[PDB]
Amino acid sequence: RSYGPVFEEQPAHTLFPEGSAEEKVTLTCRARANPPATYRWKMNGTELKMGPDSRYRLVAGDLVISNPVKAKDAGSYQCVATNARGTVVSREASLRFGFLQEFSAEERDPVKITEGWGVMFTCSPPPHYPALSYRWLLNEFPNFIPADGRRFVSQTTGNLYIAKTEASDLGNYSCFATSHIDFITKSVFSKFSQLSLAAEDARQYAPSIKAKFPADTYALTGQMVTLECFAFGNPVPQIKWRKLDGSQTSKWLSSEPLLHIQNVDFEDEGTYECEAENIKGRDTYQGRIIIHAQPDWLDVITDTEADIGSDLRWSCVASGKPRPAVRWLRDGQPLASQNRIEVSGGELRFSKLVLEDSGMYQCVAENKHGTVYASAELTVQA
């Protein structure tokens, strides 16, 4: 029998590695239907101008863009499936471009500090997207500086921190930055800056946390979260982490500059504290982790066959934080209250259906973190 389009595959957010031999990018879309559906792609809300003289070409629903470039192709794409019965739109997919420029060719400033004092070297990474991973080189590639408790590289800024400088630190320093996309990895490093040391200060001193984490970190359920904390101090301080709670018993989560929380959930929300300590004293720093969640369906609409003149009750309920807002679509178009149709939140109610109400409908749930779609075909029969 004949039935409206039903998505089996929708476009996914895509990051295209600039430069790669690949001279084109494809956005997937497939909808089963009877008769088979036809497709149309929209970018930033506007339909794509196809044709032989166009950079776009379709391959059974999938959109193919030749010679992709950010200046012209970066944006949000949507797939529209249509057939005799009706039309439904797909989730939107963002197309972004990855890149990593070299550091500047300018020589880097030297640093002179009293042996014993801690010091921070600034990376100043070049333009790039998406975020990079960082390491530092001593004198030459590939002499990377190990994470040995006294030397730490922030993965947020790329800056190198030495808790207590020592004579062995004399040398030149370079920031090494890496971009990893799919299976492709590209690294670039800066010119080297010379570290010299003034007469030593052998006096011990209490720790002072220099590298910290945000006052507020927002993460989504299922995501992984990493917080950083590093201090200067003599002797080299030791770092410990804990989550504040009612319990008055000692509980530690990490004994390293980094605190990792896998597959976070709502229970992980709270205030976390980093403690840096040595025989001279201690320093602490606190910040919060707030847990939100992308929308997800709890209840959705399903194909319904009703008799003409009848009243129908349709609804969609979605979870998420912040609480998502539900809206509706009719054959790919926004559906609002009207003659015999009342749209209030996730509830759609028809008053005395008409043979013409038949078609494809979709309820959309959205919040600051994402959007989800649910579709169904309504068949009003006399």
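In this text, residue numbers run from 1 along the sequence as written.
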Select between 83-91 and 112-120 the stretch whose C-alpha atoms have the higher average B-factor in the entry. 83-91
Mean CA temperature factor from the deposited coordinates, higher in 49-57 or in 328-336? 49-57
Residue selected from 374, 12, 15, 25 by maximal Cα B factor: 25
Ranking the modelled residues of this chain by C-alpha B-factor as given in the entry, is residue 96 in the lowest, middle or highest third? middle
Would you please rank residue 139 by its C-alpha temperature factor against the other modelled residues of its chain and give the third it falls in: lowest, middle or highest? lowest
Quick one: classify residue 308 as lowest, middle or highest third of the chain based on its Cα B-factor. highest
Residue 184 by Cα B-factor - lowest, middle or highest third of the modelled chain: middle
Could you look up the Cα B-factor of residue 127 in the entry and say which third of the chain it sits in: lowest, middle or highest? middle
